[PDB]
Amino acid sequence: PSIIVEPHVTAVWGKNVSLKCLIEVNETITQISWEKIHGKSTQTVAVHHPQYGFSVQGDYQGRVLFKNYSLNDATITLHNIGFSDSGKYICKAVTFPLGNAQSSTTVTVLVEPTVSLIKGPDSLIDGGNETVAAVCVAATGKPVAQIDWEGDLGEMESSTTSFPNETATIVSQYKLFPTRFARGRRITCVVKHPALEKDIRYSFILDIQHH
Amino acid sequence: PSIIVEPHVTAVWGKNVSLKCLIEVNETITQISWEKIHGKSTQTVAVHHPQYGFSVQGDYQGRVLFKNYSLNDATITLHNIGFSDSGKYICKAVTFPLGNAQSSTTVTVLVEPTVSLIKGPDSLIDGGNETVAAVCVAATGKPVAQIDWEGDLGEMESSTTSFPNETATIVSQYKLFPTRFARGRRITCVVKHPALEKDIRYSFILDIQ
Ligand SMILES: *[C@@H]1O[C@H](CO)[C@@H](O[C@@H]2O[C@H](CO)[C@@H](O[C@@H]3O[C@H](CO)[C@@H](O)[C@H](O)[C@@H]3O)[C@H](O)[C@H]2NC(C)=O)[C@H](O)[C@H]1NC(C)=O
Ligand SMILES: *[C@@H]1O[C@H](CO)[C@@H](O[C@@H]2O[C@H](CO)[C@@H](O[C@@H]3O[C@H](CO)[C@@H](O)[C@H](O)[C@@H]3O)[C@H](O)[C@H]2NC(C)=O)[C@H](O)[C@H]1NC(C)=O
């Protein structure tokens with residue numbers, strides 16, 4: 001309506017997110033609140049009342065700040081984000097005399113992957129058969145990270161395991177036939193994920209041996 | 001929930017009703033209100049706020065009174081009851097901090113019939129053909145009334161004519177074969193209707209010759 005909110009929002013596990021709400025009703029504001037859908041019932045996250053002040057409820061206590069004291073600005077920030085913070089929220093303005101108005105914001109919780117780049121277990125002998133030259137892991141991210149490789153020296157093979165909390169670990173091995181042409185060149189693991197401000201990039205120089 | 005109301009209320013057109021609502025939810029009450037369901041949205045009927053006062057909305061203005069100033073008593077009275085007052089209402093208490101709680105009341109609007117008894121067009125002469133001794137009309141009642149007769153001097157015939165506002169008129173003629181035996185007798189019309197506390201009764205003494 002005149003309840004201005006962002007319709008869809010992502011939140012990174014263990015960081016902060018802002019639940020924006022501007023109230024332009026041109027009406028007398030009785031109180032304003034954020035609520036969370038639970039079945040058909042809703043549960044209160046935070047309340048502002050012009051005489052009774054703020055209130056934060058449930059497991060949100062200690063993790064919710066009201067941006068400012070204006071009754072027309074219902075924006076809050078949520079902190080120490082966890083999986084249960086996902087779902088549909090309602091910003092609500094109760095007004096006098098016409099009553100309530102609202103708009104919804106759905107929150108998706110993302111988890112940053114833990115990335116590591118490791119060398120293959122076997123040494124890369126020139127003229128030898130296909131060997132795993134490196135292994136890139138992006139562990140327990142939500143959703144699963146994406147892994148790409150730079151340096152066209154071979155081919156990629158990956159597996160993914162998803163977990164009850166809906167994070168996923170992806171393991172990607174880079175396979176190549178060692179040659180003279182590949183010696184001294186650099187292979188890069190590139191991990192893309194929506195919780196990342198920029199792609200994680202790890203690389204190292206190929207060591208190709210003698211005989 | 002914690003909202004005490006009556007599930008269903010009968011209301012008579014042109015009269016009064018109370019919509020009862022007692023609120024003791026345990027916590028600070030920021031405002032209380034009665035609302036009317038319109039589609040899936042609701043229209044406000046009346047609102048009581050501790051600092052802002054009473055407020056009445058729509059076509060309820062001049063027809064709604066709050067029973068008292070107590071925030072725990074949302075009871076109102078509705079006056080000059082009209083067809084549109086029919087429908088489903090919700091009493092609603094908004095509280096601080098947990099928010100609103102509500103309960104519904106459904107209102108049916110009845111219309112009292114206008115009842116009259118007349119002595120029939122032709123005059124009452126003996127040994128002859130059936131003659132209409134009296135006509136009883138319960139007009140534009142909602143729903144249609146029932147008409148019964150007391151005094152066992154003949155049979156009745158009745159017709160019903162419905163109207164767009166959902167009131168109906170029923171006209172009942174009482175026919176009899178006139179007899180010297182029937183003079184001094186009283187015929188009685190009895191009209192039954194849910195808007196009536198008792199049956200309406202109109203009677204008169206048959207005059208034969
Ligand atoms: C979502 O579920 C996954 C699957 O259980 C969670 O991953 C697990 O997290 C624990 C705690 O960090 C990991 O254990 C730790 O790592 C090594 C184990 O060898 C050890 O050095 C540490 O002291 C500790 O034991 C566990 O390995 C890991 N399981 C995996 C990656 O398969 C994940 O943390 C959950 N995420 C959230 C946000 O709840
Ligand atoms: C529900 O429906 C019927 C039909 O619209 C309404 O009945 C009509 O009521 C009016 C006024 O009560 C009657 O007409 C009036 O007659 C007087 C003479 O007594 C005259 O002064 C007025 O100008 C007007 O013409 C009319 O006889 C009556 N019609 C029938 C067929 O009975 C009824 O009032 C409606 N009721 C509600 C609660 O809305």
Side-chain angles (χ1 to χ4, degrees), chain A residues 10-17 59-60 63 78-87 107-118 135-147 158-173 189 191 193-196 200 202, chain B residues 10-17 59-60 63 78-87 107-118 135-147 158-173 189 191 193-196 200 202:
Chain A
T10 49
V12 180
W13 194 93
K15 293 173 171 299
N16 318 326
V17 69
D59 71 52
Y60 294 94
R63 314 189 294 120
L78 186 52
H79 306 252
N80 291 6
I81 282 162
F83 290 120
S84 74
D85 291 330
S86 70
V107 166
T108 297
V109 172
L110 313 169
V111 179
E112 297 193 335
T114 308
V115 176
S116 61
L117 183 68
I118 236 55
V135 184
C136 201
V137 176
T140 55
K142 181 176 184 303
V144 69
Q146 188 178 310
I147 292 175
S158 71
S159 302
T160 301
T161 299
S162 49
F163 301 106
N165 64 24
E166 300 199 67
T167 68
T169 293
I170 176 178
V171 176
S172 172
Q173 292 162 4
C189 169
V191 179
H193 189 268
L196 296 173
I200 295 177
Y202 292 116
Chain B
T10 300
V12 178
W13 189 103
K15 304 210 186 285
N16 304 334
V17 292
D59 71 335
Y60 292 95
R63 308 171 45 239
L78 181 59
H79 301 250
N80 287 122
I81 280 166
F83 286 116
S84 60
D85 295 328
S86 173
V107 162
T108 303
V109 175
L110 307 185
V111 185
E112 289 183 351
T114 301
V115 180
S116 61
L117 186 60
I118 65 168
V135 183
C136 196
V137 183
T140 40
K142 185 185 169 295
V144 66
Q146 308 173 160
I147 296 172
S158 80
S159 64
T160 304
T161 61
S162 311
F163 297 106
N165 59 13
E166 290 180 54
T167 64
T169 287
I170 180 172
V171 174
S172 178
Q173 296 170 352
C189 179
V191 175
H193 186 267
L196 302 172
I200 294 170
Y202 296 117

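By convention in this document, chain letters (A, B, ...) are assigned in the order of the sequence lines, proteins followed by strands, and residues within each chain are numbered from 1. In what follows, every heavy atom counts, from backbone to side chain, and hydrogens, waters and symmetry copies are set aside. Both counts, for ligands and for their atoms, begin at 1 and track the order of listing.
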Please walk me through it: do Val191(A) and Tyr202(A) pass side-chain contact (heavy atoms from CB on, under 4.5 Å)? CA-CA 9 Å; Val191(A) 179; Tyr202(A) 292 116; over 6 Å; no
Could you measure the distance from the SG atom of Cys189(B) to the CD1 atom of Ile118(B)? Nearest 0.5 Å is fine. 11.5 Å
Is the side chain of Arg63(B) donor-acceptor paired with the backbone N or O of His79(B) at a distance under 3.5 Å, no angle test? yes
Residues forming a side chain to side chain donor-acceptor pair (under 3.5 Å) with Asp59(B), sequence neighbours excluded: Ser84(B)
Donor-acceptor pair, side chain of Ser86(A) and main chain of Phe83(A), under 3.5 angstrom: yes
Show me the short polar-atom pairs for ligand 2: any N or O of it lying under 3.5 Å from a protein N or O, with distances only.
{"from": "ligand 2", "atom 1": "2 (O)", "to": "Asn165(B)", "atom 2": "OD1", "distance (Å)": "3.1"}
{"from": "ligand 2", "atom 1": "2 (O)", "to": "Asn165(B)", "atom 2": "ND2", "distance (Å)": "2.4"}
{"from": "ligand 2", "atom 1": "36 (N)", "to": "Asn165(B)", "atom 2": "ND2", "distance (Å)": "3.0"}
{"from": "ligand 2", "atom 1": "39 (O)", "to": "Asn165(B)", "atom 2": "ND2", "distance (Å)": "3.2"}

Specify the closest pair of heavy atoms between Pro194(A) and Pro143(A), including all atoms of both residues, with the distance to one decimal. CG-CD, 4.1 Å
